[PDB]
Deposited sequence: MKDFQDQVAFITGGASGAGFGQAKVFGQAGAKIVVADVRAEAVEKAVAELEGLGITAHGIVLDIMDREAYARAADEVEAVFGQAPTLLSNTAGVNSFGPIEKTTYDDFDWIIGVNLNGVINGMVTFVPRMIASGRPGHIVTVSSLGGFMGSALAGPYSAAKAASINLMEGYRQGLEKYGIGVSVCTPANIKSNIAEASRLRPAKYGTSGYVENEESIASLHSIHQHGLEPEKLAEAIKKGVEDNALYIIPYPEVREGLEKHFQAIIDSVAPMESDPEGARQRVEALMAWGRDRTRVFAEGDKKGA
């Protein structure tokens, strides 16, 4: 079903990224695990190979644009083609009062959660297009991207951008047979990494723009959106 697909997953050495490596892997995909923790990568790929998944490990900080370019080249060297599935899953956060936020807080958190995914998009989109093969791109953002917050301020803002940015690329890339989705998990008991992974794979199959496997958030989301609509000036 995903046989002879190549999937490039950031933050794939853990959590939702690893879950995706596993779930896509079990469907037949060749996996590239891109993560910044060299030790965790090593482990993650051993464990994937243990499961009969063909998997390559790339230690990478997605905030480094030129290494991200080396990786992309590396992927073509190893598997003989650019990825046909890109997953921007790597994320980081830290909690505290939004007024107390510092430049380093911003650079780190905006860095991983927004600039990282831009780097992902700029690196791979032209290669995926030049391949002339169908493809797909998923970004795991966050429910916080739909609503700013006083304790996860920088994180929420970056996620709001990555959601909006995926909305854009969906429109741009449809003409290339490349679908685009954004997953917004509820991280504000809690959906397991493999359960979320299966939701994402389903969304990829369905070519869904939004992947929101949390029936419980609907009320809150409707409320937040109505508050905006109510703000529109009459008449």
| request: Walk along the deposited sequence from position 1 and note every stretch that has no C-alpha coordinates. | output: 1-2, 191-225, 273-305
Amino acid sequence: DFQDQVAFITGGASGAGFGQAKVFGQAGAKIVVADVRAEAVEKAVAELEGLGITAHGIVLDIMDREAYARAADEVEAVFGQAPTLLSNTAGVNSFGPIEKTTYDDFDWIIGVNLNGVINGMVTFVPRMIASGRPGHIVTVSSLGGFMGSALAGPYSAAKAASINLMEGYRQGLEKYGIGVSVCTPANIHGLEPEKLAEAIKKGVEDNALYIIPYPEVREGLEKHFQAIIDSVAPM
From here on, numbers count along this sequence of modelled residues.
| task | Return whichever of 140-148 and 121-129 has the greater mean Cα B factor according to the PDB record. | result | 121-129
| said: I need to verify one thing: averaged over C-alpha atoms only, is the B-factor higher for 44-52 or for 162-170? | reply: 44-52
| task | Select one of 29, 33, 178, 36: the residue whose C-alpha shows the highest B-factor in the crystal structure entry. | result | 36
| Third of the chain, ranked by Cα B-factor, where residue 185 sits | lowest
| note | Split the chain's modelled residues into thirds by Cα B-factor; residue 155 lands in the lowest
| query | Comparing residue 15 with the other modelled residues of its chain, is its CA B-factor in the lowest, middle or highest third? | reply | middle
| request: Could you look up the Cα B-factor of residue 67 in the entry and say which third of the chain it sits in: lowest, middle or highest? | output: highest
| query | In terms of the chain's CA B-factor thirds, is residue 93 lowest, middle or highest? | reply | lowest
